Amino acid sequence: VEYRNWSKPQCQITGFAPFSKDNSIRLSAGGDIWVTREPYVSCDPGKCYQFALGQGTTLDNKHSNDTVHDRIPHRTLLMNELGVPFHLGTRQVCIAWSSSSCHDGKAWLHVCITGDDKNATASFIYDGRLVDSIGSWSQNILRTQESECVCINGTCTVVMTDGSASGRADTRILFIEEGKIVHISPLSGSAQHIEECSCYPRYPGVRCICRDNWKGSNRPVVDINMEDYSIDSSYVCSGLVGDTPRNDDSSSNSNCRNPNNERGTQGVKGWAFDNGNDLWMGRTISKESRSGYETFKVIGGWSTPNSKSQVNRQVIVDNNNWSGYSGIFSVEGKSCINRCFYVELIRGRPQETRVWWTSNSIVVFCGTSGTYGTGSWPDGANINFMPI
């Protein structure tokens, strides 16, 4: 087997088609299913896998009230084939309350962070063995992507942040070869706060659309040069911004360079990708809550500051239903690299207080060059049927 290079053009898409759904919460009401959050998807050259951070317990289990605490030492990274729900035979890949995974064409890399808030440890596991680790550099919740990292020619890159969630922090970009950290580059450019990057190969480099939790409801962009390890950053140009919370479309702005200072504090993990001058992006339907999920293309959304012309909208989850984090993954086709995304569908607390737990299921869509219709694919569980 050979290293992935992702050296094909990006597929030219017309929108997205349904790919996968796991129905986790519905199943949890009649079977033993892990409590999870922060899911994602990543694929080896043959097939796709679903990942999530467990809470060290199943849902129908008194230990499920444990999700009221943050970053417990019992959180572990779960990994199944995509569409296999997180049942009791699921492998816990490492100890993690924050993670990223990717396959370099030869083997899986897992980046797993656990331990104390002020002194966390990131473990780097490659091809089934621990190869490296790094300790917290800012003593304030070392944390990473919660979606797939990206590898080109045997070098995998991952974005990590340590420091304040509501002010300037310390973001670094790691370059990793067979599990071994070979270089670390500081964030550079005009992005002022970076969390939870959704990254994709854009040969010869890697591009990330992230979450600014401090001053911006526009999403930051991080560009990674894999050849010289140099970094650049900015903000998505689109005047239809991708973060939650955010202003209404009539009063939202982005200048491509600075955080917009519009309902900038807080946010949610999300994604977008460029296609020439245009932008494909997803976001919650609600401007203030993690409710609903929609995708669309913004004409000039990559290149034109404050562009607000959209086309090819699709509802993924209607606004009567809960969403959550979302992220990108890339899949190599015969002649092009396709872009796909997942949406975390969060159930339980804080929105639904009948139960004590918080968990999620997922829905997954992939780019298509064909045609499609409409629908809505929410979590689907009846909260009144659930164990509390």
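Note that residue numbering follows the sequence shown and begins at 1. If you superpose the two forms and keep the largest set of C-alpha atoms that fall within 1.5 Å, you have the rigid core.
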{"item": "Greater root mean square CA deviation, 214 to 222 compared with 67 to 75 in 6 other deposited structures of this protein, core aligned", "value": "67 to 75"}
{"item": "304 to 312 versus 105 to 113 - greater average Cα B-factor per the deposited record", "value": "304 to 312"}
{"item": "Which of 4 to 12 and 379 to 387 has higher mean CA B factor, as the PDB entry lists it", "value": "4 to 12"}
{"item": "C-alpha B-factor winner, where the candidates are 197, 285, 231, 72", "value": "231"}
{"item": "From 294, 81, 249, 243, residue of greatest CA B-factor", "value": "249"}
{"item": "Modelled-residue ranking by C-alpha temperature factor, third containing residue 168", "value": "highest"}
{"item": "Within-chain third of residue 47 by Cα B-factor, per the entry", "value": "highest"}
{"item": "Entry-reported Cα temperature factor of residue 256, expressed as the chain third it lands in", "value": "middle"}
{"item": "Within-chain third of residue 359 by Cα B-factor, per the entry", "value": "lowest"}
{"item": "Among modelled residues of the same chain, the CA temperature factor third for residue 213", "value": "middle"}
